[PDB]
Protein chains: 2
Amino acid sequence: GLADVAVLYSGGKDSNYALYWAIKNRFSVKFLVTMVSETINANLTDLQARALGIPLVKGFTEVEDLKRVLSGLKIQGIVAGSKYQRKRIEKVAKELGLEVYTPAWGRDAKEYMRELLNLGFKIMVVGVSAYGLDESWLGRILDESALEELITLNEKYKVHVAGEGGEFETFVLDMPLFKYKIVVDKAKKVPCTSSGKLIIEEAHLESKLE
Amino acid sequence: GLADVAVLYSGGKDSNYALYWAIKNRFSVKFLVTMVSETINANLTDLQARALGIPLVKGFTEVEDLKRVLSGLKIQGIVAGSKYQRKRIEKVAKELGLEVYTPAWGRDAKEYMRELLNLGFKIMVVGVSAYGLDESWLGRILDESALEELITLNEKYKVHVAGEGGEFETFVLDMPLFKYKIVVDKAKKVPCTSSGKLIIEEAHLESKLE
């Protein structure tokens, strides 16, 4: 009634952490909200929404568009997953008279990443844009072993261990809240620079006993 | 402000007609709502939502689930596309204190279908479940020629010219309101009975100059 909120869901580790945080903090998540600007590679959050059972609202566009979509939802606040993007979301939250939560902000990278692993988050690298991360990273799962490598790479090339700054993009395949697990069947990964993306061609949900 | 509504969108001719009717009647369509029960063949309405530019809300399940999703939207009514399904939607509309519009109801089949053609609706048969409609129908576009055949088939096997009763299912590829046209690139159509479905494997949007 007064704990009603929408979660800004991009399908990555931060969107999913913001979702987990919201539920564990007694918030009532009415909707996951994803914005799309001008295949299953585009409906990945849909796949996750199904696994979650939480209604997904999709808007199309970039700031005004989001505001307009949120304004049509009966919520008291929104949970968000750059450093100024924060204020851009606080701007719309204030203009719409909504509370804004950013559970994933000043958290220490190393600690943050370790917490996602203990919580049972299964994360896959879907994009890389940093020197010291060849295409080999595209498609790998982030486990304790992977985190250690990111820590090392950090102590050399100073790459953020949480991908902060476009270092790398992620997609959550599984989490305690997912009623279903996501499995990637076909993927195409596409270097002078250090730009690279993983295109999920085929994927499906597998029932979990929870 | 008081003309705010959601459209029950299944992606067929009736959902799209209900959308067209709503817009032309000065209604403010805040959301298209699709329910999914337990590839692009599942996100077809997403493809249409993109072509339309109208936010799409997806719920998961069947009547309670819909009610719960609608209750989280700031709308004054809903526009709907069996004969008792009507009352099932009027039931949730009343319980949620919302107006209910069914622009596609007592309309004469022949007239209705002819009106969709003049309005510029490009419709493809995606399912068939009636004697007198072999697999050949699966995937064909409904033009004046096709309507005439449905009229003939009606004057013989008495098959509804609008598919009323599971006769056939449809998917709108284009309409005056679509900013983009939908094109099917790959499709797989799957007879002792008369059951048959068309599975759209690959499709894309092509820009329109409007």
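Using ideal geometry, Cβ is built from the backbone for each residue, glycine included, and neighbour counts are taken over all protein chains shown. Values in this text are rule-based calculations from the coordinates and carry no lab data.
Estimated purely from DSSP H runs of n ≥ 4, each contributing -39500 (n - 2.57), the mean residue ellipticity at 222 nm for chain B is -9000 deg cm²/dmol once divided by its residues.
The convex hull around the C-alpha trace of segment A:64-194, projected and averaged over every direction, spans 10.2 square nanometres. Taken residue by residue and averaged, Cβ atoms of other chains lying within 10 Å of the Cβ of B:42-55 number 4.
The Cα center of segment A:71-139 and the Cα center of segment A:189-210 differ in position by 19 Å.
Sort segment B:1-122 into rounded, prolate or oblate with this rule: let a ≥ b ≥ c be the square roots of the eigenvalues of the Cα gyration tensor; rounded if a/c is under 1.5, and if a/c is not under 1.5, prolate when a/b is larger than b/c, oblate otherwise.
On the way: a/c = 1.38, a/b = 1.18, b/c = 1.16.
It is rounded, given that a/c, with a ≥ b ≥ c, falls under 1.5.
For the protein assembly as shown, DSSP calls about 55 percent of its internal beta bridges antiparallel.
What's log10 of I(q)/I(0) for segment A:123-210 at q = 0.14 Å⁻¹, Debye sum over Cα points only, no solvent? Here log10 of I(q) over I(0) equals -0.53.
Given a cut-off of 29 Å, name the pairs among A:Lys74/B:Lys197; A:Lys181/B:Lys30; A:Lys58/A:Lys122; B:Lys67/B:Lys156 whose C-alpha atoms lie farther apart than that in the structure shown.
A:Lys74/B:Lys197; A:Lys181/B:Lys30; B:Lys67/B:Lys156
What percent antiparallel are the DSSP beta bridges of chain A, to the nearest 5?
Details: 19 of 35 bridges.
Here the antiparallel bridges make up roughly 55 percent for chain A.
Full extension of the chain segment joining A:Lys83 with A:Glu155 gains 23.7 nm, where the gain is 0.36 nm per residue of separation less the Cα-Cα distance.
Close amide-amide hydrogen proximity is noted between A:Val100 and A:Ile78, each under 5 Å apart and 5 or more residues distant or on a separate chain (H modeled in the peptide plane; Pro and chain starts excluded). Over the protein assembly as shown, the fraction of Cα-Cα pairs per 10 Å bin, rounded to whole percents and listed from the shortest bin up, is 4, 20, 28, 25, 14, 7, 2, 0. Placing +1 on each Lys and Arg Cβ and -1 on each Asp and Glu Cβ, with no other charges, gives chain B a dipole about its Cα centre of roughly 580 debye.
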